[PDB]
Amino acid sequence: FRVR
Amino acid sequence: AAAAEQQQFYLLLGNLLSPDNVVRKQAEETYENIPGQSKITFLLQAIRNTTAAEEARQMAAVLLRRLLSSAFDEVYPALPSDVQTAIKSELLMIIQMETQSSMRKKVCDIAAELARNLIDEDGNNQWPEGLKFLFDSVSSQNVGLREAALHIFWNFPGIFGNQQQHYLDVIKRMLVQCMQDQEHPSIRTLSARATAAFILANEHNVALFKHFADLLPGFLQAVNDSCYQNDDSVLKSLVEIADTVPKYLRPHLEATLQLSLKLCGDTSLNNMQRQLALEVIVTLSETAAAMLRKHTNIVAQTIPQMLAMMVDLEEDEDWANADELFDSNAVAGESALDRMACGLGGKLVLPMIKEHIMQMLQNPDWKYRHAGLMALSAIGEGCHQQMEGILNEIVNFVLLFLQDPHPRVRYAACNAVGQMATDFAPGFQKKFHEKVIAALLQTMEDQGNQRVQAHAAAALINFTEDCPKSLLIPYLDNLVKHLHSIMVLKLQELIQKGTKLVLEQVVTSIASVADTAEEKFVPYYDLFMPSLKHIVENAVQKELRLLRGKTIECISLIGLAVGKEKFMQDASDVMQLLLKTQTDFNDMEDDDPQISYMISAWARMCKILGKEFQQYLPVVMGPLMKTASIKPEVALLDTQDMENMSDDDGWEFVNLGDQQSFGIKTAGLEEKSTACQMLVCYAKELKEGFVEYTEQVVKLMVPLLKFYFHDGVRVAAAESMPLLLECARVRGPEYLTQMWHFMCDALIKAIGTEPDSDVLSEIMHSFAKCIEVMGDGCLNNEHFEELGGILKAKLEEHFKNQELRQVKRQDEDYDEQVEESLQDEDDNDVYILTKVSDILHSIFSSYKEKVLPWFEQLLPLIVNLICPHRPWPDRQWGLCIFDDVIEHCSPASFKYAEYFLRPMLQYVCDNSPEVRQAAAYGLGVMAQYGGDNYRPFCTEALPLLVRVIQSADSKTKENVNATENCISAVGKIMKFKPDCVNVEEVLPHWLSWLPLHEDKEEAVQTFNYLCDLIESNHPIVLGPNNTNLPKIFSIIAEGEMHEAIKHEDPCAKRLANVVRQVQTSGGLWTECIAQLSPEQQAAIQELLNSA
Ligand code: NI
């Protein structure tokens, strides 16, 4: 968005 | 009385046919109130009476079909089966006694519909007499009876529930023999329309297309015959076939493609017929392009077909004055070319059109040069990747056509330039700013030809719109001075006669330059502001309605670019302009022009003014709500009722099956969407300031989650849900629950039914954000049960679609471009999995351990993502879902460790950095929130994490976030479980991995731990005699990489207190600073001044  | 109500019926029927509205709006009302149970033997007798007027029988038969298509459950049930089976057999007689083929078609439309409602009861049709009628009529040597049978089978294809088992092979016999009926051409044409309607009805049935493949050669022959007799009835059938079920055409596709090319190429046929023939090919390039890509021989021949239609221009005497608003061959071919370049792709299409465009541009015909520039404009979108390389040659050549001896060619050149500025952005702007701006300004000035001067201004708007601010700023003084000059001269001309076409575009062009220039436009504000303000007070006439709206847009975009400070100088005199023009626009109540201009201009004032906009809220909210609530006019007409409403153009109709149709007034659909997007803006900008409107906006928006007519509205409705809860928050949780109550059920239904994937992802993200707004206790047990089923279905579909896409590969027509589409489909399915993880994250974060039993229903599906052979995004997101279970649902999380723990331990070493990051994260939250049950696994995890951190390339742009997360996971192991590690020994290595600066969350966590270590009673981390304290100065110097948020975070103050305490130790301070680069030295100063 980016994340994990 | 029986004979008394029959004689008075003929005059009442003719009364609703008189040309004047006096008796017309008095005889229709008397008819409707009549009992529907008696309207059967009364209206069918007016068609049977062949001695009565032929136009009254046309109306009686059209009125009899409508009473059966619209009303049925009140008229046919509870009526005696003596008159039930009498209207069945009398209707069958009318068709046998009919001499006129016009009436035979009207009464066959009543034979069907009656056949349709009887059959559509359970499945098996209650009218086997209607079935026997077709087999005996198609078999009877009478052309009229044969034609009547084909009309009933075209209107209602499949009047059977048990067709397959036996009546299916007899349908093939019937149509095959009818297409062989040479003695009559209308019987052959009727069976082609029937074959198509039947194949369309039997959609998805791939076994039936394979069996009926033998009918396609005769069907194609029937379009080839009907077309040369002025009949585009069978040609429409083929276009419908190519659109809905193109794979049916696969066996004889070359014959289909060759015929469609022949009809289109044949000059003799009318425009409507040739365009429809092109449409067969154009549709196949969208619906089945993979199949069409194999017949290159035919697509090559279609290119000059479209080009020859594009050069079918009329020499409009007085074109330069009037406004051109589109059915012509020149528009049909051009659009078809764009659509086919997009459909098949620039790899195949550009080579086929390249030399043809050069032969038309380099020709003395004008119509050829115009067609060449419009073909260049059309192919741009679909072939732009292939057109780069020749781009500098194309642009330099097209720029010469602006000085062409024909004004219409100078206009198509404007179009070519403006469209390339959009199709090739921002490469076009970076490569040709000097040449294109200079050439367009010259066309906008030295023309003295309104239309060309206006189009050059329009091309300039396209150019500046996609121009990077970076390279527009040097051209500001030049472009601005030139635009001002043209604005002031075209404003005098508005006063002399009333010419404004160019001035409208100059204003919008200025707005575009201002908007892109942002803060750099303020030195040029005084040069335009009083000129534009003067325009909105001048332009009050209905002719200048667009010129006034465009000036308001320009005005509001100029103040928005310069910012609230610079705008405050002329803000009062300009806010009153809007206030006065709102009552001027509202006192002449309408829809479509100034509406969207005004809405957006007020919203721009709210972004500029912020908290000072509040006073204008009742003046802007009222009108905004009215256009945001427009219920569009929907009609459910039947048959060819898209000819009388074709003149509207905006009234679009979607032809549903079984003769019924659906129509929708597209007027204001974009205005509604604009207003809904504006309500989302007010909610976001104002927050707390919008509470008075939150309830009525919530009441408006909830139903728009189910507004399938316009996606932009649904997205706005979805987006507004958490924003409205965010506004309402200021009134407390009791009002918050009152708002959430309207939303909750509707938001959940939307997730389970939403058709579009991108609109679904906004609804799913929105629902998750509302759960965060006031979680725990925010969900019914019915809602939890519903949501469980919906998420489980969405997970089941994720894997089902994985198998389906695999089966789409391993198909005769599989190519790299179909793989590109399958990868797009996959990307969407993954984004839905991220939103499943999102809805899940907020439920876990808010409900915590409590919700693990509910989650057990999704457990086999979540485990199914973390399987070893699944694609990496599945393993990444399944790990993410388990990370939220560890973080928000521990220590109970451990009961379920048999589902995640061992794969998560193993995955820390995965080839995918996205998988590695999700695994490393889970182990860090395992130490922090997990509890004592994870203790042995924290001792085990450590060397796995250190192996990733310590490997080479661990800090590549590809693997930084995964390595940082591993560093932070090692850190959390140290801080939260120090009995599972010899922290005193790993700390030196840990310190060397610092600082973090890509994962901002983990940069905060690592720095907060580093501060605990430095602040500790016996630091260890400082080194004996502060030897590695100067190294901590280098870690804290980043800093440079915005890791520690200067003010926001508590560690920012903590790190600057640890650093400034050193200042009191002269030698130690200077040692630590003397070994920092001057960029790093400034970063320590920057932190110390702000924390
Ligand atoms: Ni509720």
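So for chain B, numbering is Swiss-Prot's, and the shown residues are 3-327, 332-1097, in order.
According to its header, the structure was obtained by X-ray crystallography, 2.8 Å.
Just so it is clear, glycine is given a Cβ too, placed from its N, Cα and C backbone atoms.
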Which one of B:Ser103, B:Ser827 gets the tag phosphoserine in Swiss-Prot? B:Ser827
Residues of the same chain, at least six outside the repeat 'HEAT 4' (B:130-157), with any C-beta under 8 angstroms of its C-beta? 90-91, 94, 97-98, 100, 103, 106-107, 110-111, 113-117, 120, 172, 176, 180, 183, 186, 188-189, 192-193, 195-196, 199-200, 665
Rounded to a whole number, the Cα-Cα distance in Å between B:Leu327 and B:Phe332, flanking 4 unmodelled residues, is 7
What same-chain residues lie close to the repeat 'HEAT 9' (B:352-386): Cβ under 8 Å, and 6 or more beyond its ends? 295, 298, 301-302, 305-306, 308-309, 312-315, 336, 340-341, 343-344, 346, 392-393, 400, 403-404, 407, 410, 412, 414-415, 418-419, 421-422, 425-426, 429-430
According to DSSP, does B:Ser827 (phosphoserine) sit in a helix, a strand, or coil? helix
Count of other CB atoms lying within 10 Å of the CB belonging to B:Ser827 (phosphoserine): 13
Near the repeat 'HEAT 7' (B:254-289), which residues from the same chain, at least 6 beyond its ends, have a CB less than 8 A from one of its CBs? 215, 218-219, 222, 225-226, 229-230, 232, 234, 237-238, 240-241, 244-246, 248, 297, 300-301, 303-304, 307-308, 311, 333-335, 338-339, 342, 345-346, 348-350
